[PDB]
Structure formats: C-alpha cells, structure tokens
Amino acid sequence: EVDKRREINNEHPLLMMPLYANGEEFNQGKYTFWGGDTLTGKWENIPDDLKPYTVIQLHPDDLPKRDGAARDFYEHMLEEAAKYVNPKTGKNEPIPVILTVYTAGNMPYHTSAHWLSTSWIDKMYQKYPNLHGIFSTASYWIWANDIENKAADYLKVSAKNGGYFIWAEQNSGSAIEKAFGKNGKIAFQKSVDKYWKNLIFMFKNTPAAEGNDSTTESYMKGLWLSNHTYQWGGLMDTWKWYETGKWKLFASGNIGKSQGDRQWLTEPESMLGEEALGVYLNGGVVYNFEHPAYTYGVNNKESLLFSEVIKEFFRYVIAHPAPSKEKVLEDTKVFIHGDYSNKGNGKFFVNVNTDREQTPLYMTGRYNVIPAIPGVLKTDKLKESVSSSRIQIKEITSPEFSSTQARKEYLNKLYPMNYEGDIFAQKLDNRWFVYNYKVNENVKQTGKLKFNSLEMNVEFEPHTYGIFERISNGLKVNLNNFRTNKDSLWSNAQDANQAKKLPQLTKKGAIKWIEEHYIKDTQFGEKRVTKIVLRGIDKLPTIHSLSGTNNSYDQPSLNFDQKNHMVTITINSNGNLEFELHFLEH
C-alpha cells in the first residue's frame, strides 16, 4: 500500500466543494464555472478552520463532447490549483482537488468525461500531489456495458497513487448490487477485495421519485461496516423537489418534472441538515450537494443555505466526530444480507422507519439505519471483526423481513423503544438528535426524550432539527429551522395547473435569481415557535452563550413552575441557534 494523500474518517471528514465547468464560455476561449465561482477565489473564501476538511471537486458539466476538451479544462485548473499562493503568508499552498472522471455512463453523447483515459488520470496523479482523488457520479440511469470494468481501473489507479476513488450512486435499477457483481460483472468486486481502503462509496439522492433513499443509505453503511469501502457518505440534492413534482412549499397538487429551475431552489434550507444527519449519525463522513448554486453559492460567495446550515452542520461533525466503525459495529443488532431490489426497494422501510415511499428523511431513530450489503457479496470480513460478535446477520429472504409487520415485530425485539412521540429522534451518548420528519406538510410534531430521570419534551414545526446535549452543568442546545420564503418563485400561479405552465426560469435565470434575490434582498421566512419543556429541575435555569443567525431570533423565553419542578422554554426563530441552559436536577 502507498501512503494515502489525505485522511478521510470520522475525525477527518470531507466536504466536497463542486465547481462545474462552463462549456459555453469554454467555446469562447474562457476557463470559467457556472455560477461565477473561481478556483482560487472559492478556495480563499473557505473558512480557515474548514480548509483541512474540504476539497475542490471539478466537474466537466457541459464542456464540448469531443476529445481534448475535458483534458484541456482540467489541466488548466490543476495548474491553477498547484500554483496557488496563500496571500496572507506568501507561501505556495497547492489546493486539494478531486476530478470528476465518470458520469452518465461516460457516453460520448452525454459527457466530455468520456475522453479521459486511465493513462491520463495516472499521469495527473503523478504530476499533481494535490490531486487527492477521482469521482464517479450518477450512472444509475445509464448503466454502461463496461461500467464495472472501468470502476475497477479507477480504483486501481487511485490505490497505485494513494488517492481515493469516490463513487456516488443511487440503487435505481439495482445499481449498487450490479456494481458489486450481481449480474455477473465482477471486475469491481475483485478490485474492491484488493483496494477497498482507497474507495469511498456515496449515495446520490437525486432520483427521488423512485424512492431508493433508505435502501441505498443502508447499503452505503453496510458496505462500510463489512470492509467493502473505506468510508461512506452521501450527495444530497435539492433537485429531488423537481424529480418528485413538488412546487410552492405546502401547496397541494403535483406539477411533475416541469419547472426544474424553480423546483431545485424550493427545498427548505434546514431540510438539507436533516438529510445530512442520516449520514453523520450512522458513521458517514463524506458530504456533497447539488444544486451547487443554491447549496454552496455563487461568485465566490456563500449562499445562506451554505452559511446558516451546511457550514454550521459540517463544523459540528468536525467538533464531534461521527461514531467510529468500531462504535457503529457494537451498536448494530441486525445486519441484512441480500438484494433490496427483490424486496420492494424503498418500500422495504416504509412504515418501518420512513413515513412514505419518496423521502430522504426518517420517521424514527429507533433502529437508526439498518446496515446491509447486496446478495452477491460475502459477510466474511464483517464476521472476522472483533466488534461484530453480538450482531445477527440475516438473509433479506428470511421470514422476519417478509412484510412491514414482520420487520417491525422482529426489529422491536432487538431495538428497544427509547423515546415517545410521533417525531424523529435518535440518541448518541449524552445527545438527543431530533427532527420533524414532514417533507411538504405543515404539521407540528412533538416528542418526549429522557436523559436518565430528566424529561425533555419538544415541539417542532416542519424543517426543524435540534441537538440536545446533557452537559455537567445543564443542557447544550443546537437548533436549526432556517427556511427562507420561496413563494416569489411561484408568483402568478394559484394552483398546480398554472404552476406547471409558468415560463421556464432556466439555468441562467435561476443563477441570476440567486444573485439578485438570494445573495441579496433575501425574502427571509417568518420567525416560528419551538417549545422545549424540562421536567425534574430544581430552580429556574439560566441561559448562557446565546448566538445564532443575525436578526433571526427573539430572546428565548423561560417560564419556571416551582410547584412542578419544570421549565417551559419558548423560542421564536428562523435560522441556526445555540445556547446553554444551566440548572440542577430536583
């Protein structure tokens, strides 16, 4: 094994920072990115505490579909990355880069990435120490003849160079199962047997109408735990709102896939945090997002989604490393072996831990994410683990998994009920993670959580998550309900029929919308109420280190009832929020 070019794990997580090549401007002789970011500009803007954990992911987007175009663009940007000089110190500090080398089956009619050979990739790895890895993304919808053979070569060349091969894929049409050899294409399976320590596998939650979120994430987790991948994560995509046909927030009716560029702007900001929690809480450590202009920003500026949600979330997972593989292994009670493709795909988990077929969220943390691997693989490396002896490894074909009811009945024996209320909650050490799991329905949710004898009741509007940590002198609270008002995008439409018929915003229009109405002149949403009730408190708690999104919250309101040893905390807010309550138990 060659020395890894970087570490990627719970203590060293990774945020991919996508930059998408502007092919129209390339045709005009210019080297630029859609949304106006520049390689150097964007890197400099990345907060210094985040720099060791972020990598620039170049994507060839709509570069010309002919030989040389992607090589020429990529070489230009690699040169820029390599030669970067930190203006503060004057020293040459090469920017870490990942290249997107495979997408849309690398079809010559889909992507300029077709004309990027393994030999050229090897050459770049040897020429650029700052090239940390290569990226394959979204071929589930065009599963090319030799995709497995090519993935084997990408993993091998990455290992040869100590770089990572990162593959982001969703289990549509059995994609994850096929990747590991289900249909007899086994080159990647054999590659993985040798080179798994250089592989990252990620979900890509884009094609949301097919409902493969829970199953893909279960695979990513299980592949990791069973040593088929070095780490895992997810690419969370605001385009899910388009794929599922949604429009104005909470509005009734479905418009199908008809207003793409309005639709990818509409997902509530805080909901990206709710999706990301499913990665973190289950030991994942790699994060990436689309649409880049909404989730990250434009013109080397951070969008509010990035500044108020993703940045703050990512800082949290650095400060509190995800559960290690050893830890997750110890907590795992059930591990599924087999193909979700013949057990209803996403339907497998509906009314088990998801509330509907098309969602990226969970309705309970009781089982967290049940890990799994495709039937084609073996559980050998799993069983060889010291931490895996208390795990039940079960075939997906077992009678215990044959219906919704049998699953719940089986899982409930092994995963005890550990909170009350129709709301998402999962516990890790001294921390309760809570979120309202409604996607597009304006319904409050409530839960009752305990820290031993201390009772905490919460009431959350949709698109709200919290992290409640029992500390020695009280309770640390992180809250996020940041949701701006996107109604202006759906102006002039009073119903689904009129919305479907709006003029297209277009790619360029949506980028301009961001510049003119999101980066500035933002239509912030209304402040909204969160309630926390603590029972078993001695005296009126005190509040410390209160901060959050500028102008986004009223002072929290504490109402202590001596007789009943309890406090009611009312928060009115829209953004990220943080404070500590100090108190003693009664």
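A residue's number is simply how far along the shown sequence it sits, counting from 1.
When the mean C-alpha temperature factors of 465 to 473 and 114 to 122 are read from the deposited coordinates, 465 to 473 comes out higher. Of the two stretches examined, 396 to 404 and 190 to 198, the record assigns the greater average C-alpha temperature factor to 396 to 404.
Of the candidates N10, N22, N576, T568, the deposited coordinates give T568 the top C-alpha B factor.
The entry lists C-alpha B-factors for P64, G68, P541, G36, and the highest of these is at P541. Remark: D380 belongs to the highest third of its chain, ranked by C-alpha B-factor as recorded. When the CA B factors of the chain's modelled residues are split into thirds, the value for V328 lands in the highest one.
Ranked by C-alpha B-factor against the other modelled residues of its chain, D487 falls in the middle third. Sorting the modelled residues of the chain by their CA temperature factor places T522 in the highest third. In the PDB entry, a CA B factor belonging to the middle third of its chain's modelled residues is recorded for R528.
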